[PDB]
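For reference, the structure is listed below as C-alpha cells.
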Amino acid sequence: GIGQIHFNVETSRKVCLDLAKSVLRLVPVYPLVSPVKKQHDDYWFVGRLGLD
Amino acid sequence: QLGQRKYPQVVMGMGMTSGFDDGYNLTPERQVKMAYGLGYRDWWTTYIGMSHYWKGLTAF
C-alpha cells in the first residue's frame, strides 16, 4: 500500500560504512587525550593541604 | 510522636570540655542544650578536630 521507500538492513549498513570512511578521511587520528597517560599502578594516591 | 525523658539537673558549678572529632556527627543544637541541662553553666573548652577542620585535596 505504500511501495519501496526505505533501505534494506544490509543496504543501510553499507551506507553507514561509507559514512565512517568519509569522517575518517577528515579526521585520521583520535583528537582527544587524557591528562593521565600511564596505568593505574604507575600513580601514587596521596593527599595534600592544597596547591598553596 | 515518640516519648522522651527530660529531667533537668541541679547546677554543680562546673564547666564542660568537648572534642570536635567526637561531635561532628551530632548537631550543635542537641549538644549544647543537653550539656547545659545537666548543670554545666559557666565555662566550655572545645578541642579542635585533628583531621576534620583543615582544607585538603587528593591528587595523583
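From the Cα gyration tensor of chain B, with a ≥ b ≥ c the square roots of its eigenvalues, which class applies: rounded if a/c is under 1.5, or else prolate if a/b is larger than b/c, or else oblate?
Oblate, because a/c is 1.5 or more while a/b does not exceed b/c.
Using the Karplus curve 6.51 cos²θ - 1.76 cosθ + 1.60 with θ = phi - 60°, work out ³J(HN,Hα) for each residue of segment B:20-31 in order, rounded to whole Hz, and write x for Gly and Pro.
5, 5, 10, x, 5, 5, 6, 5, x, 4, 6, 5
Taking the Cα centre of chain A as origin, work out the dipole magnitude from +1 charges on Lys and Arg Cβ and -1 charges on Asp and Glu Cβ, in debye rounded to 20.
Magnitude of the dipole: close to 180 debye.
Quick one: which residues, 5 or more positions from B:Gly49 or on another chain, have an amide H under 5 Å from its amide H? H modelled 1.01 Å from N in the peptide plane, none for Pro or chain starts.
B:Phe20, B:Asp21
Using Cα pairs under 8 angstrom and six or more residues apart, how large is the relative contact order of chain B, in percent?
46
Treating the beta-carbon of each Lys and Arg as +1 and of each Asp and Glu as -1, no other charges, what is the dipole magnitude of chain B about its Cα centre, to the nearest 20 debye?
Magnitude of the dipole: close to 220 debye.
Hey, for a label at B:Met34 modelled as a point 7 Å past Cα toward Cβ, could you say which residues of segment B:1-18 have their backbone N under 16 Å away?
Taking a point 7 Å out along Cα→Cβ of B:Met34, the residues of segment B:1-18 whose backbone N falls under 16 Å are B:4-9, B:16-18.
What is the distance in Å between the Cα centroid of segment B:34-59 and that of chain A?
Distance between centres, Cα-based: 51 Å.
Have a look at A:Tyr43, B:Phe20, A:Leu24 and report the one farthest towards the positive end of the charge dipole of the protein assembly as shown, computed about the Cα centre with Cβ charges (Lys/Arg +1, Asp/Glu -1).
Going by the Cα projections, it comes out as A:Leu24.
Shape of the protein assembly as shown from its Cα gyration tensor (a ≥ b ≥ c, root eigenvalues): rounded if a/c is under 1.5, otherwise prolate when a/b > b/c, or oblate?
It comes out oblate by the Cα gyration axes.
Reconstructed Cβ throughout: ideal geometry from the backbone, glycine too, with neighbour counts over all protein chains shown. Since every read-out is calculated from the coordinates, none of them should be taken as a lab result.
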